[PDB]
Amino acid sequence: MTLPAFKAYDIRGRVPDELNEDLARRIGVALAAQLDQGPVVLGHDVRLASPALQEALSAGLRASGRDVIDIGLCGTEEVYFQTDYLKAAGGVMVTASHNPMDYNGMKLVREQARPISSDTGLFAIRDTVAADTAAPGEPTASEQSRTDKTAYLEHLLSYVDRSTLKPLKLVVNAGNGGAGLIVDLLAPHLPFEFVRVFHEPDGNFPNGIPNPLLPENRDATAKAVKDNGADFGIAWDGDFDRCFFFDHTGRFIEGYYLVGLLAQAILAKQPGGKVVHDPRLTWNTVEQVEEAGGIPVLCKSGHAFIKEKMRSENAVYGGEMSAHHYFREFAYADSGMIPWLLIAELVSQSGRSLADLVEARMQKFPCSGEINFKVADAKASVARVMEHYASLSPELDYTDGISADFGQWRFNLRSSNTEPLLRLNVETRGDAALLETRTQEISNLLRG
């Protein structure tokens, strides 16, 4: 067979049977043969096994003659940023993002932090690793420790006009992942008062694995916002490339609406720019981008597609409803830090609450939220849905699964590229009743 840890976008598996130090070392060797000339940036998250997996990666890379730049404990976006900033040949982040504490993994990038995915080198690396029975060589290159975050922090701060910021009270919830370390390094440069929840890095995850989508984890941020009268709250996943917002009432804001909000915030600074968006939920983003003078660009979901579309279009910003936000000036990479800095600036400058910034958009384009289905026959289930609606003659688009536009409502229905699931998103033109009846109708057809 094949090694199960090699997924479409990254490496992730259980330690030590799906991923271990030996595999990690062999991955470093294979990665060296895939990259153009230069050093390789390595970083890791708070998980207990991550240092040892990074060390093994470094040993394989240096046995293959690659200099290693160890940036230490960090977020995934710091590996992206330093890989580009230091003009490295590539980078690896050791992380399992949101998986249990017995899982780990790797996200791999080449020059300018361009993704290495299944069809762009990752399965090539897998096959190499699978057949590699060579003895480990010894290092022929050095490792340098470069933990300085100054350039990264200054880059984050460059997205906001410091003099326009107000001393907002912000709940921050690192979920015992790594985000709190960056918050604390930014704080001396910001006027905000921070309310720190689950702040200390702890790979034992005593308060739950870092997944702000779990309602029990969500409620910790919501409660801290309400109990402290905070202007809003921010939570992150463990490697903090995903950020999650809570308004002053404690309400979790559906990530869809952050894409349009951030696009308007960016286009205020970068007039007329292109904005890349996914096909899952679209109408609000298209309208807000256009009303801010930008040009919306439909793109297949998935960071590798989004980033390459942004590059080919010189797009200033891209966003997915799945809490990923990409910035051209950030090496076209996603950041879980830039979004809340931009939102805090927008709240400061506009005098409006986060709630009111999104309220009218949520009323105008209500959405189902993403609903996942594990069914016995995904292909037959999709066919049942499409057959049922055929007589209404929807406008159909196959950018990413099936998108069907009926006029006053639309849906996207696609297979996930990270799990064996179907994912449904529905939205309507200001009609909550139609949203619920169509969502339930599609759901029944899928389960039939």
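For every residue, the number given is its place in the sequence shown, counted from 1. Whichever C-alpha set is largest while still superposing within 1.5 Å between the two forms counts as the rigid core.
Of the two segments 260 to 268 and 95 to 103, the one whose CA positions lie farther from the displayed form in 8 other deposited structures of this protein, once all are superposed on the rigid core, is 95 to 103. Between 236 to 244 and 373 to 381, the larger mean CA deviation from the shown form in 8 other deposited structures of this protein, after core superposition, belongs to 373 to 381. Comparing 384 to 392 with 50 to 58, the stretch with the higher mean C-alpha B-factor in the PDB entry is 384 to 392. Relative to its counterpart among 360 to 368 and 211 to 219, 211 to 219 has the higher mean temperature factor, C-alpha atoms as listed in the PDB entry.
The entry assigns its greatest Cα B factor, within the set 328, 309, 248, 169, to 328. Reading the B-factor column for the CA atoms of 119, 237, 345, 193 in the entry, the top value corresponds to 119. Sorting the modelled residues of the chain by their CA temperature factor places residue 41 in the lowest third. Compared with the other modelled residues of the chain, the Cα B-factor recorded for residue 15 ranks in the highest third. Ranked by Cα temperature factor within the chain, residue 205 sits in the highest third according to the deposited record.
Among all modelled residues in its chain, residue 316 ranks in the middle third by Cα B-factor.
In the deposited entry, the Cα temperature factor of residue 419 sits in the top third of values across the chain's modelled residues.
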